[PDB]
Amino acid sequence: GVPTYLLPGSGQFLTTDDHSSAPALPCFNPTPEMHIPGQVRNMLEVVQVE
Amino acid sequence: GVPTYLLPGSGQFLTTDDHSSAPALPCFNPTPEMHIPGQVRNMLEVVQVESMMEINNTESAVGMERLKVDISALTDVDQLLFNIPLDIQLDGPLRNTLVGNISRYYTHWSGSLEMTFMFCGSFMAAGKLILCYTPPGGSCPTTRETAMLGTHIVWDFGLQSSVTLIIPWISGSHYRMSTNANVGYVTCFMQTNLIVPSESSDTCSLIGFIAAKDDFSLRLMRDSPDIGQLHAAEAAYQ
Amino acid sequence: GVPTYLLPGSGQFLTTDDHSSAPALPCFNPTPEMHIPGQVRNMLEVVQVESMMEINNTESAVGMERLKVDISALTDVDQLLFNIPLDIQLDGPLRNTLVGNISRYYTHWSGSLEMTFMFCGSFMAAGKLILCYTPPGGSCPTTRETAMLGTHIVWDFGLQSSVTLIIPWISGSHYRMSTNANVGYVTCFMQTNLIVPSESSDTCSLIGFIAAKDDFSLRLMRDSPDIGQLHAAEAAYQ
Amino acid sequence: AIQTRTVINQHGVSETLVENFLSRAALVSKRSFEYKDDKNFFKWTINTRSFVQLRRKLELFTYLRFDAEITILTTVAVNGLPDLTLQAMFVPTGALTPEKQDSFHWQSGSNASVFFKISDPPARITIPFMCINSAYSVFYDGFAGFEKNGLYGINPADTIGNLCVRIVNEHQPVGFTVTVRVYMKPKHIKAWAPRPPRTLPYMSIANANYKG
Amino acid sequence: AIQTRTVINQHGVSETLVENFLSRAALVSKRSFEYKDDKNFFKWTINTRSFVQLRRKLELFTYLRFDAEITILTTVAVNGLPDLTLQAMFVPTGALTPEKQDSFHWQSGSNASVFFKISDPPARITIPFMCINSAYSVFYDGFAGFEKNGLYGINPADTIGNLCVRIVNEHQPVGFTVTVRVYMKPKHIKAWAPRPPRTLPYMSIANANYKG
Amino acid sequence: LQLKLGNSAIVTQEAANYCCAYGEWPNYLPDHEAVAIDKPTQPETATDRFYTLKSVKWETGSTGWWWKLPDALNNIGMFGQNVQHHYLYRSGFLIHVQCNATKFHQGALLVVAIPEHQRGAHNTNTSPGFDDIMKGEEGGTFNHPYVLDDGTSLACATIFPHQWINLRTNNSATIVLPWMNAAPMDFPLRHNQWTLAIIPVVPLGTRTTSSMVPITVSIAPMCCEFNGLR
């Protein structure tokens, strides 16, 4: 097997973590993306409007 | 060693996970695969097979009576024979079909359907029917003249025993926040009388079929509501 | 570090797992391998060796008497000598053999077998036997004439002391939901009388052998039912 | 009731794959047994006909070839909670099933035993395709035997085996209740010859009798 | 009884490999011992002849060369459960076996000790091929010595060693029972000169006497 | 066109198109699947012929008919003699169903071949016995054809290999059945691979209250093997 050891911070839930999780429903294909007008990619695009 | 840390979701049993497990018996070679006829790889292959509709939309009709609509002298000019609400979910002609049963395993369905009506009178029985299609939103016709104003088929069954009609795109779903209800109708009216010779039977019957087409699709698998829950249950434990 | 999560089945001890473990003594060099004669790499190498059948199918025969069938003047014309039910599992001539014992470690077996009968009379003892093969399903013959109508060997043992016969494909299994039972028979009848000179013994004996062939196969290893369970047991603890 | 509708945007056939249609971990068995040292241990003949909704899904086919991914999810409740070792032993056809908690069949060198604790993740093993034939007969138009009610619909080559679960621990002064939930996920599924769905309620486990 | 039959579709020789025929984790020892601070600890001379079914499988051969994968599965029961450290110490031939729980032989710098808790997965080590010869003598047509009952069938080069298991913890106000199950899986197996199976029941562990 | 097979021949004038069940034509057991009983023997003709059953009377109150294969043939001719002497078999089937009606009769038949039609009984917990299943050449009658006597539906029975006989358009039906089993050989006296069901979806009719149509079933074993015996 693989010799492992747990670090400090193992088993914690940080609310800002960036980890993939288990898909609850894989084999579910979501509705495909459609072009909707006015896509926001940056909140500074909003702030530059008078 | 390897420095590791456990994630949120460690040690959980999700019932939809895709992880290999320990083989309980490796070095066991299973029985090899043999070619068996009729392999199913997709449940849409099942749904594209025609199956009989309960086009007799009358209650007190039970069993074999529900699969056929009788026409006779009791059917007049301009007379309504059957009305098929295009509902996979609800109780109607499409409920006990292969396209009704397999689609109740899924939440969202989508696609064209394929009706086929077969006249099963005698060889010399003649007459005309108006098979209508009413789209979703539209009102079902109540007269033969309103029927002819829509999308329709003037079907002479005197020589052509079978007629088929593409149903363009019904596509209902399931809602909890409530049904789809009215998504379309197939309606039949008597254009003429039934004309039979005096040695053929007075009464002649129609049967209907429904299949899905290749554009038909199903999504978000659920539990089918059809059979719910018996004998010799606790025999597999003693 | 490495983001990890534990699976269902973590921390279990499956008795059939295939995982390396910690060496208790590394830097210990074991004794090197020496060539020893007769290495077994496959248990089917054991099963393909002939071993004596208990062809004496009579009870009250014990020990050495069971391995031989006597023929004499007490054996008449058209007289049944032995009947070998082709059952590896059940009590019969094939139970205490190398093909019977090793196959009871497995659940499903399959393949051809190899019978050999050796006449062990005197040099001038003469006579004929009909060694029959009855396939599975078929009834065992009770007369010498029904015996000759099947697959058979008219064996003159006056000069040929050994005869061998391929058993085509018995292949039984184990069932719990019940046995295989009848899967075939090897049956022997007296075609002639035993003809011995007046200085040879009146009584002459046959012995039988069974081996498996190269198409023989075993599957789904289990515990053998043969020996169950004593003295000086708790000496390995004190 | 209120009636609604939505424009449905779908494309693709992948969710109606028979692998996707059938491979989910379904609850196939659930028993309680008390423990104070087939009573006092879990024994279950591994079938697919205990619950009617997995039964109706699999009876959409005539033949099925699959491996079974068995997950065993044991919870305890006293009559806190001690950490107990459980043995789950898959007893195939041709092996001998235990009848006691302390029987010698639990010492099986040849049966697949898994030893696991309550505090662990749930025990999970894959039972292979165990049949003598190429597929399991979901339906069987035949008899298991001919001698005086060898029953109809029973195939001798359909028996997976038994799933026997006990508590490896000995008797304790506390008494407690062990609930064993068994979850099966069929894997590597091939299916043949699809059938009409059952429209009437099941009456028995062993057959296809109908009340109407 | 009911009698059945199935068309059997088999091909291959891989399951009757002697590695596959013999490498399974078999229960080779099981003892209870009480604890209140060879009584009060587990000591087992590592043989293969404790249980008759592994004995009859290995006595299908004359010579065996294998590594032993020892798994130790300890359960506790009080007379909840505290988490206790156990020491399992493999004492080879030539080392000295403990006779007490608190003996100085448990402090062995040279014996392979494994320290493990109850809450852990079961302790697992691989004892190597320990023999002075190239194979273990399953049978030995000789004597261990010549001076006044140096016993028959005993080979001085067959001794694996002892598996000594104690509780590293000290005495507690609670009294409890420790059951030590030892599982052995032979590994990297070579076998030589196959033998007839035993047909009669065993009478003793130390010999091949038969009652008939 | 004649269906000529052996010393049997079905000599008709009209027969349009067969149904090939699951698209599979019956072939002999291939030389990689026969690891079993060595070289399963083939009479090649002696069984492979039409066995024309006793005709059934279709009337207005007919619920339908069924024959189980090979149980319908296990006591008929050289097929049924080989069933009693052999232990294993493998066969496909050619089934020809024919109606004798005039142009004044009406009615539709679903002629459906069901693989492993395990039957249920009605309003009981006991399984069907031996005499409720193994009817032989006479066959059985559907008690509840709407559920196919197994709790399912007749409406969805076109998922199986099937043919329609609508007496306007046709009076005959041909289904070609391959070998349908999870094993390559099987045991003909105690397991059935196919059930030929003939069910009137639209009942029979003419005016004079006693309308009656002959239905004739001709079953030919195709590629019929058996174990060696020598």
# chains A, B, ... in the order shown; residues from 1 in each chain; ligands from 1
>>> closest_atom_pairs(of="chain D", to="chain C", cutoff="10 Å", atoms="only C-alpha atoms", output="JSON lines")
{"residue": "D:45", "atom": "CA", "partner": "C:177", "partner_atom": "CA", "distance": 9.0}
{"residue": "D:71", "atom": "CA", "partner": "C:8", "partner_atom": "CA", "distance": 7.7}
{"residue": "D:72", "atom": "CA", "partner": "C:8", "partner_atom": "CA", "distance": 9.2}
{"residue": "D:73", "atom": "CA", "partner": "C:8", "partner_atom": "CA", "distance": 9.6}
{"residue": "D:85", "atom": "CA", "partner": "C:12", "partner_atom": "CA", "distance": 9.8}
{"residue": "D:86", "atom": "CA", "partner": "C:12", "partner_atom": "CA", "distance": 9.9}
{"residue": "D:87", "atom": "CA", "partner": "C:13", "partner_atom": "CA", "distance": 9.3}
{"residue": "D:88", "atom": "CA", "partner": "C:14", "partner_atom": "CA", "distance": 9.2}
{"residue": "D:89", "atom": "CA", "partner": "C:14", "partner_atom": "CA", "distance": 9.3}
{"residue": "D:91", "atom": "CA", "partner": "C:222", "partner_atom": "CA", "distance": 9.4}
{"residue": "D:92", "atom": "CA", "partner": "C:220", "partner_atom": "CA", "distance": 8.5}
{"residue": "D:93", "atom": "CA", "partner": "C:176", "partner_atom": "CA", "distance": 5.7}
{"residue": "D:94", "atom": "CA", "partner": "C:174", "partner_atom": "CA", "distance": 4.8}
{"residue": "D:95", "atom": "CA", "partner": "C:222", "partner_atom": "CA", "distance": 6.1}
{"residue": "D:96", "atom": "CA", "partner": "C:223", "partner_atom": "CA", "distance": 8.8}
{"residue": "D:97", "atom": "CA", "partner": "C:176", "partner_atom": "CA", "distance": 9.9}
{"residue": "D:104", "atom": "CA", "partner": "C:229", "partner_atom": "CA", "distance": 9.8}
{"residue": "D:105", "atom": "CA", "partner": "C:223", "partner_atom": "CA", "distance": 9.7}
{"residue": "D:108", "atom": "CA", "partner": "C:223", "partner_atom": "CA", "distance": 7.6}
{"residue": "D:109", "atom": "CA", "partner": "C:223", "partner_atom": "CA", "distance": 7.3}
{"residue": "D:110", "atom": "CA", "partner": "C:222", "partner_atom": "CA", "distance": 5.2}
{"residue": "D:111", "atom": "CA", "partner": "C:222", "partner_atom": "CA", "distance": 7.0}
{"residue": "D:112", "atom": "CA", "partner": "C:15", "partner_atom": "CA", "distance": 6.1}
{"residue": "D:113", "atom": "CA", "partner": "C:15", "partner_atom": "CA", "distance": 5.5}
{"residue": "D:114", "atom": "CA", "partner": "C:14", "partner_atom": "CA", "distance": 4.1}
{"residue": "D:115", "atom": "CA", "partner": "C:13", "partner_atom": "CA", "distance": 4.9}
{"residue": "D:116", "atom": "CA", "partner": "C:12", "partner_atom": "CA", "distance": 4.8}
{"residue": "D:117", "atom": "CA", "partner": "C:12", "partner_atom": "CA", "distance": 7.6}
{"residue": "D:119", "atom": "CA", "partner": "C:11", "partner_atom": "CA", "distance": 9.7}
{"residue": "D:120", "atom": "CA", "partner": "C:11", "partner_atom": "CA", "distance": 6.5}
{"residue": "D:121", "atom": "CA", "partner": "C:8", "partner_atom": "CA", "distance": 5.0}
{"residue": "D:122", "atom": "CA", "partner": "C:8", "partner_atom": "CA", "distance": 5.0}
{"residue": "D:123", "atom": "CA", "partner": "C:9", "partner_atom": "CA", "distance": 4.4}
{"residue": "D:124", "atom": "CA", "partner": "C:9", "partner_atom": "CA", "distance": 4.7}
{"residue": "D:125", "atom": "CA", "partner": "C:9", "partner_atom": "CA", "distance": 7.3}
{"residue": "D:130", "atom": "CA", "partner": "C:220", "partner_atom": "CA", "distance": 9.1}
{"residue": "D:132", "atom": "CA", "partner": "C:108", "partner_atom": "CA", "distance": 8.4}
{"residue": "D:144", "atom": "CA", "partner": "C:177", "partner_atom": "CA", "distance": 9.1}
{"residue": "D:145", "atom": "CA", "partner": "C:178", "partner_atom": "CA", "distance": 9.3}
{"residue": "D:154", "atom": "CA", "partner": "C:177", "partner_atom": "CA", "distance": 8.4}
{"residue": "D:155", "atom": "CA", "partner": "C:177", "partner_atom": "CA", "distance": 8.7}
{"residue": "D:156", "atom": "CA", "partner": "C:175", "partner_atom": "CA", "distance": 6.5}
{"residue": "D:157", "atom": "CA", "partner": "C:175", "partner_atom": "CA", "distance": 8.2}
{"residue": "D:158", "atom": "CA", "partner": "C:177", "partner_atom": "CA", "distance": 9.0}
{"residue": "D:159", "atom": "CA", "partner": "C:177", "partner_atom": "CA", "distance": 6.8}
{"residue": "D:160", "atom": "CA", "partner": "C:177", "partner_atom": "CA", "distance": 9.8}
{"residue": "D:161", "atom": "CA", "partner": "C:176", "partner_atom": "CA", "distance": 8.4}
{"residue": "D:162", "atom": "CA", "partner": "C:176", "partner_atom": "CA", "distance": 10.0}
>>> closest_atom_pairs(of="chain A", to="chain B", cutoff="8 Å", atoms="only C-alpha atoms", output="tab-separated table")
residue	atom	partner	partner_atom	distance
A:2	CA	B:2	CA	7.5
A:3	CA	B:1	CA	5.0
A:4	CA	B:2	CA	4.5
A:5	CA	B:3	CA	5.3
A:6	CA	B:4	CA	4.9
A:7	CA	B:5	CA	5.5
A:8	CA	B:5	CA	7.7
A:9	CA	B:5	CA	6.8
A:10	CA	B:5	CA	4.2
A:11	CA	B:6	CA	4.7
A:12	CA	B:8	CA	7.1
A:13	CA	B:8	CA	6.1
A:19	CA	B:7	CA	7.9
A:21	CA	B:9	CA	7.2
A:22	CA	B:17	CA	7.3
A:23	CA	B:17	CA	7.8
A:24	CA	B:16	CA	6.4
A:25	CA	B:16	CA	6.7
A:26	CA	B:16	CA	7.5
A:28	CA	B:220	CA	6.0
A:29	CA	B:219	CA	7.5
>>> calpha_fit_and_write(fixed="chain D", moving="chain E", output="compact mmCIF listing (two decimals) with C-alpha atoms, in the first residue's frame")
# COMPACT_ATOMS: atom_id res chain seq x y z
CA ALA E 1 -54.67 21.06 -9.29
CA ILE E 2 -52.48 23.81 -10.72
CA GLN E 3 -51.23 23.04 -14.23
CA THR E 4 -47.90 24.16 -15.67
CA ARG E 5 -45.44 23.77 -18.54
CA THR E 6 -41.79 24.49 -19.40
CA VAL E 7 -39.76 24.53 -22.63
CA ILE E 8 -37.66 21.36 -22.30
CA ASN E 9 -34.16 21.48 -23.80
CA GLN E 10 -32.76 17.93 -23.94
CA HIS E 11 -30.27 16.14 -26.15
CA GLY E 12 -28.51 12.83 -25.66
CA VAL E 13 -29.20 9.16 -24.93
CA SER E 14 -26.67 8.49 -22.17
CA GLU E 15 -28.97 8.45 -19.13
CA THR E 16 -31.14 5.67 -20.57
CA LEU E 17 -28.13 3.38 -20.92
CA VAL E 18 -28.93 0.10 -19.16
CA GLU E 19 -25.78 0.57 -17.10
CA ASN E 20 -27.09 3.98 -16.03
CA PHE E 21 -30.67 2.69 -15.80
CA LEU E 22 -29.71 0.00 -13.29
CA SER E 23 -26.37 0.75 -11.52
CA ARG E 24 -27.41 2.44 -8.31
CA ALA E 25 -26.88 1.19 -4.77
CA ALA E 26 -30.38 0.00 -3.87
CA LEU E 27 -31.46 -1.25 -0.47
CA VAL E 28 -31.95 -4.97 -1.05
CA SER E 29 -32.19 -6.22 2.55
CA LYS E 30 -32.82 -4.82 6.00
CA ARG E 31 -33.07 -6.81 9.21
CA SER E 32 -32.82 -6.27 12.90
CA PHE E 33 -31.31 -8.88 15.13
CA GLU E 34 -30.75 -8.81 18.87
CA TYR E 35 -27.47 -10.01 20.35
CA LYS E 36 -26.90 -11.87 23.61
CA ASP E 37 -24.52 -14.83 23.51
CA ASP E 38 -31.80 -17.79 11.79
CA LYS E 39 -31.91 -15.95 15.10
CA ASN E 40 -29.21 -13.68 16.59
CA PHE E 41 -27.35 -13.15 13.31
CA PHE E 42 -28.12 -11.85 9.84
CA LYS E 43 -28.58 -14.40 7.06
CA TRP E 44 -29.99 -13.31 3.71
CA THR E 45 -30.27 -15.28 0.49
CA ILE E 46 -29.02 -12.76 -2.06
CA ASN E 47 -31.84 -12.15 -4.49
CA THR E 48 -33.20 -9.11 -6.29
CA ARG E 49 -36.89 -9.68 -5.52
CA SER E 50 -37.21 -8.46 -1.92
CA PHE E 51 -38.42 -4.97 -2.84
CA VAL E 52 -40.89 -4.54 -5.67
CA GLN E 53 -39.35 -1.51 -7.41
CA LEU E 54 -35.97 -3.08 -8.05
CA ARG E 55 -37.92 -6.21 -8.92
CA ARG E 56 -40.02 -4.38 -11.52
CA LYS E 57 -36.91 -2.72 -12.99
CA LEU E 58 -35.06 -5.99 -13.41
CA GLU E 59 -38.15 -7.82 -14.72
CA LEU E 60 -38.01 -5.40 -17.63
CA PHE E 61 -35.51 -7.95 -19.00
CA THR E 62 -35.27 -11.67 -19.57
CA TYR E 63 -31.53 -12.11 -18.95
CA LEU E 64 -29.09 -10.08 -16.88
CA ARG E 65 -25.35 -10.43 -16.43
CA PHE E 66 -23.92 -8.28 -13.65
CA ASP E 67 -21.50 -8.10 -10.76
CA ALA E 68 -23.07 -7.10 -7.45
CA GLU E 69 -21.45 -4.34 -5.36
CA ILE E 70 -22.67 -5.16 -1.84
CA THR E 71 -22.50 -2.40 0.78
CA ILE E 72 -23.35 -3.29 4.38
CA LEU E 73 -24.45 -0.43 6.62
CA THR E 74 -24.79 -1.56 10.24
CA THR E 75 -26.27 0.64 12.95
CA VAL E 76 -26.60 -0.32 16.61
CA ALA E 77 -29.05 0.66 19.32
CA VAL E 78 -29.04 -0.48 22.94
CA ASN E 79 -32.04 -2.18 24.53
CA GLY E 80 -23.10 5.30 24.48
CA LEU E 81 -22.46 2.60 21.87
CA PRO E 82 -19.49 0.20 21.96
CA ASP E 83 -17.34 -0.35 18.89
CA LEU E 84 -18.07 -3.87 17.65
CA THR E 85 -16.44 -6.05 15.02
CA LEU E 86 -18.84 -7.64 12.54
CA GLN E 87 -18.14 -10.50 10.16
CA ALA E 88 -19.98 -10.48 6.86
CA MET E 89 -19.37 -13.76 5.07
CA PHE E 90 -20.49 -14.42 1.51
CA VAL E 91 -21.46 -18.10 1.37
CA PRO E 92 -21.69 -19.17 -2.30
CA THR E 93 -23.76 -22.02 -3.67
CA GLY E 94 -21.97 -25.23 -2.74
CA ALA E 95 -20.72 -23.91 0.59
CA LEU E 96 -22.50 -24.40 3.91
CA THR E 97 -24.42 -21.59 5.58
CA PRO E 98 -24.08 -21.05 9.36
CA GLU E 99 -27.01 -21.77 11.61
CA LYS E 100 -25.54 -20.40 14.85
CA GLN E 101 -23.56 -17.34 15.87
CA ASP E 102 -20.67 -19.49 17.14
CA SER E 103 -20.79 -22.14 14.42
CA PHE E 104 -17.59 -23.38 12.82
CA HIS E 105 -18.77 -22.24 9.37
CA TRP E 106 -17.85 -18.68 10.39
CA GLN E 107 -14.25 -19.92 10.44
CA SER E 108 -14.44 -20.42 6.69
CA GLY E 109 -11.09 -20.49 4.97
CA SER E 110 -12.78 -20.50 1.57
CA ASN E 111 -15.80 -18.22 1.96
CA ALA E 112 -15.21 -14.50 1.47
CA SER E 113 -15.40 -13.04 4.96
CA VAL E 114 -15.08 -9.34 5.64
CA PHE E 115 -14.34 -8.14 9.17
CA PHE E 116 -15.34 -4.57 9.89
CA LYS E 117 -16.26 -2.25 12.74
CA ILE E 118 -19.23 0.04 13.28
CA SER E 119 -16.99 3.12 13.51
CA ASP E 120 -15.55 2.37 10.05
CA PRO E 121 -17.01 3.40 6.71
CA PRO E 122 -19.59 0.83 5.54
CA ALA E 123 -18.17 -2.49 4.40
CA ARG E 124 -18.17 -2.87 0.63
CA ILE E 125 -17.33 -5.92 -1.51
CA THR E 126 -18.01 -6.91 -5.10
CA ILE E 127 -19.60 -10.31 -5.55
CA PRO E 128 -18.79 -11.40 -9.12
CA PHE E 129 -21.10 -12.85 -11.74
CA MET E 130 -21.72 -16.17 -10.02
CA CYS E 131 -23.97 -18.01 -12.46
CA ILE E 132 -23.29 -21.29 -14.23
CA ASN E 133 -24.84 -19.78 -17.38
CA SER E 134 -23.95 -16.56 -19.23
CA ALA E 135 -26.72 -14.55 -17.62
CA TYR E 136 -29.10 -14.71 -14.73
CA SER E 137 -32.57 -15.82 -15.72
CA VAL E 138 -34.85 -13.05 -14.50
CA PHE E 139 -37.67 -15.32 -15.63
CA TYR E 140 -37.44 -19.08 -15.94
CA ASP E 141 -40.06 -21.03 -17.89
CA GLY E 142 -39.08 -24.31 -16.32
CA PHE E 143 -38.74 -26.35 -13.18
CA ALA E 144 -35.92 -26.76 -10.71
CA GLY E 145 -36.74 -30.46 -10.52
CA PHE E 146 -39.26 -33.08 -11.57
CA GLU E 147 -39.66 -35.11 -8.35
CA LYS E 148 -42.84 -34.00 -6.56
CA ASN E 149 -42.95 -30.16 -6.73
CA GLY E 150 -39.56 -29.21 -7.97
CA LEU E 151 -40.87 -25.68 -8.17
CA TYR E 152 -41.72 -23.66 -11.27
CA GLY E 153 -39.77 -20.54 -12.10
CA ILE E 154 -36.78 -21.66 -10.02
CA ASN E 155 -33.48 -21.96 -11.87
CA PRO E 156 -30.63 -23.88 -10.16
CA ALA E 157 -28.17 -21.62 -11.98
CA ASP E 158 -29.40 -18.36 -10.52
CA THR E 159 -28.31 -18.71 -6.92
CA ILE E 160 -25.87 -15.98 -5.91
CA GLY E 161 -25.35 -17.26 -2.40
CA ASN E 162 -26.10 -16.14 1.13
CA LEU E 163 -24.87 -13.04 2.93
CA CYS E 164 -24.29 -14.07 6.53
CA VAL E 165 -23.53 -11.30 9.05
CA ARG E 166 -22.73 -11.82 12.73
CA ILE E 167 -21.02 -10.05 15.62
CA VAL E 168 -17.49 -11.34 16.18
CA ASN E 169 -17.59 -10.02 19.76
CA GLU E 170 -18.73 -12.22 22.63
CA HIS E 171 -21.61 -11.68 25.04
CA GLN E 172 -21.76 -8.40 26.94
CA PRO E 173 -23.74 -7.26 29.99
CA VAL E 174 -25.50 -4.70 27.78
CA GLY E 175 -28.12 -5.84 25.29
CA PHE E 176 -28.44 -4.10 21.95
CA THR E 177 -30.14 -4.24 18.58
CA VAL E 178 -28.19 -4.56 15.33
CA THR E 179 -29.83 -3.31 12.14
CA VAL E 180 -28.09 -4.56 9.00
CA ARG E 181 -28.93 -2.65 5.83
CA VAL E 182 -27.56 -4.31 2.70
CA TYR E 183 -27.14 -2.17 -0.41
CA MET E 184 -26.57 -3.75 -3.81
CA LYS E 185 -25.35 -1.94 -6.89
CA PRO E 186 -25.28 -4.08 -10.04
CA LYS E 187 -22.17 -3.45 -12.12
CA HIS E 188 -20.93 -4.22 -15.65
CA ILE E 189 -24.49 -4.86 -16.68
CA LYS E 190 -25.54 -6.57 -19.87
CA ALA E 191 -29.24 -7.06 -20.53
CA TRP E 192 -31.18 -9.08 -23.09
CA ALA E 193 -34.73 -9.43 -24.45
CA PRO E 194 -36.82 -6.70 -22.82
CA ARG E 195 -40.23 -7.50 -21.40
CA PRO E 196 -43.48 -5.66 -20.62
CA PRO E 197 -43.58 -4.04 -17.20
CA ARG E 198 -45.69 -5.64 -14.55
CA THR E 199 -49.03 -3.89 -14.21
CA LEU E 200 -50.55 -5.86 -11.37
CA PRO E 201 -49.25 -6.06 -7.79
CA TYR E 202 -46.98 -8.94 -6.88
CA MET E 203 -48.46 -11.59 -4.63
CA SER E 204 -45.43 -13.73 -3.76
CA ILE E 205 -41.66 -13.54 -3.93
CA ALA E 206 -41.20 -16.97 -5.51
CA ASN E 207 -43.45 -16.56 -8.55
CA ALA E 208 -45.38 -14.23 -10.86
CA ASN E 209 -48.91 -14.76 -9.55
CA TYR E 210 -51.38 -11.92 -9.97
CA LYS E 211 -54.57 -10.95 -8.16
CA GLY E 212 -56.13 -8.45 -10.58
>>> interface_residues(of="chain F", to="chain C", cutoff="8 Å", atoms="only C-alpha atoms", output="number ranges by chain")
F: 36-38, 85-87, 229-230
>>> select_by_dssp(residues="stretch 127-170 of chain C", states="alpha helix (DSSP H)", output="PyMOL selection string")
chain C and resi 144-148
>>> write_last_selection(atoms="C-alpha atoms", output="PDB file, in the first residue's frame")
ATOM      1  CA  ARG C 144     -25.854 -57.917 -21.313  1.00  0.00           C
ATOM      2  CA  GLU C 145     -27.922 -57.517 -24.476  1.00  0.00           C
ATOM      3  CA  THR C 146     -29.051 -53.981 -23.579  1.00  0.00           C
ATOM      4  CA  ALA C 147     -25.417 -53.333 -22.659  1.00  0.00           C
ATOM      5  CA  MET C 148     -24.213 -54.255 -26.154  1.00  0.00           C
TER       6      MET C 148
END
>>> residues_around(residues="stretch 55-58 of chain F", least_positions_apart="2", cutoff="7 Å", atoms="only C-alpha atoms", output="PyMOL selection string")
chain F and resi 53+62+212-217
>>> residues_around(residues="residue B:36", least_positions_apart="4", cutoff="8 Å", atoms="only C-alpha atoms", output="number ranges by chain")
D: 192; F: 180-182
>>> write_last_selection(atoms="C-alpha atoms", output="PDB file, in the first residue's frame")
ATOM      1  CA  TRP D 192     -31.180  -9.080 -23.085  1.00  0.00           C
TER       2      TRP D 192
ATOM      3  CA  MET F 180     -32.844 -18.235 -26.675  1.00  0.00           C
ATOM      4  CA  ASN F 181     -31.033 -19.277 -23.547  1.00  0.00           C
ATOM      5  CA  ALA F 182     -28.295 -18.248 -21.162  1.00  0.00           C
TER       6      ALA F 182
END
>>> atom_distance(atom1="atom CA of residue C:73", atom2="atom CA of residue C:197")
12.7 Å
>>> closest_atom_pairs(of="chain F", to="chain E", cutoff="10 Å", atoms="only C-alpha atoms", output="tab-separated table")
residue	atom	partner	partner_atom	distance
F:33	CA	E:9	CA	8.3
F:34	CA	E:9	CA	8.6
F:35	CA	E:9	CA	6.8
F:36	CA	E:9	CA	6.4
F:37	CA	E:7	CA	8.8
F:88	CA	E:7	CA	8.7
F:182	CA	E:7	CA	9.7
F:183	CA	E:7	CA	6.3
F:184	CA	E:7	CA	7.6
F:185	CA	E:7	CA	6.6
F:186	CA	E:7	CA	6.8
F:187	CA	E:6	CA	8.6
>>> write_last_selection(atoms="N, CA and C atoms", output="compact mmCIF listing (two decimals), in the first residue's frame")
# COMPACT_ATOMS: atom_id res chain seq x y z
N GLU F 33 -18.06 -21.88 -28.57
CA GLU F 33 -19.01 -22.05 -27.48
C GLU F 33 -19.19 -23.51 -27.08
N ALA F 34 -18.77 -24.45 -27.91
CA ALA F 34 -18.90 -25.87 -27.60
C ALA F 34 -17.71 -26.41 -26.82
N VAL F 35 -17.38 -25.78 -25.69
CA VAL F 35 -16.39 -26.34 -24.78
C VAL F 35 -16.96 -27.53 -24.02
N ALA F 36 -18.30 -27.68 -24.02
CA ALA F 36 -19.12 -28.59 -23.22
C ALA F 36 -19.06 -30.01 -23.76
N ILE F 37 -20.17 -30.75 -23.57
CA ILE F 37 -20.41 -32.04 -24.21
C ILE F 37 -19.90 -32.03 -25.65
N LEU F 88 -29.54 -33.36 -23.61
CA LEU F 88 -29.37 -31.98 -23.99
C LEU F 88 -29.94 -31.76 -25.38
N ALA F 182 -29.54 -18.72 -21.75
CA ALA F 182 -28.29 -18.25 -21.16
C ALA F 182 -27.19 -19.30 -21.20
N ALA F 183 -27.53 -20.56 -21.45
CA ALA F 183 -26.73 -21.75 -21.68
C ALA F 183 -26.77 -22.14 -23.15
N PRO F 184 -25.76 -22.86 -23.70
CA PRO F 184 -25.84 -23.23 -25.12
C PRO F 184 -26.73 -24.43 -25.35
N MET F 185 -26.73 -25.40 -24.46
CA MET F 185 -27.65 -26.52 -24.51
C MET F 185 -28.62 -26.34 -23.35
N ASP F 186 -29.69 -27.11 -23.36
CA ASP F 186 -30.64 -27.09 -22.26
C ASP F 186 -31.34 -28.43 -22.24
N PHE F 187 -32.41 -28.50 -21.49
CA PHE F 187 -32.99 -29.76 -21.08
C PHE F 187 -34.44 -29.76 -21.48
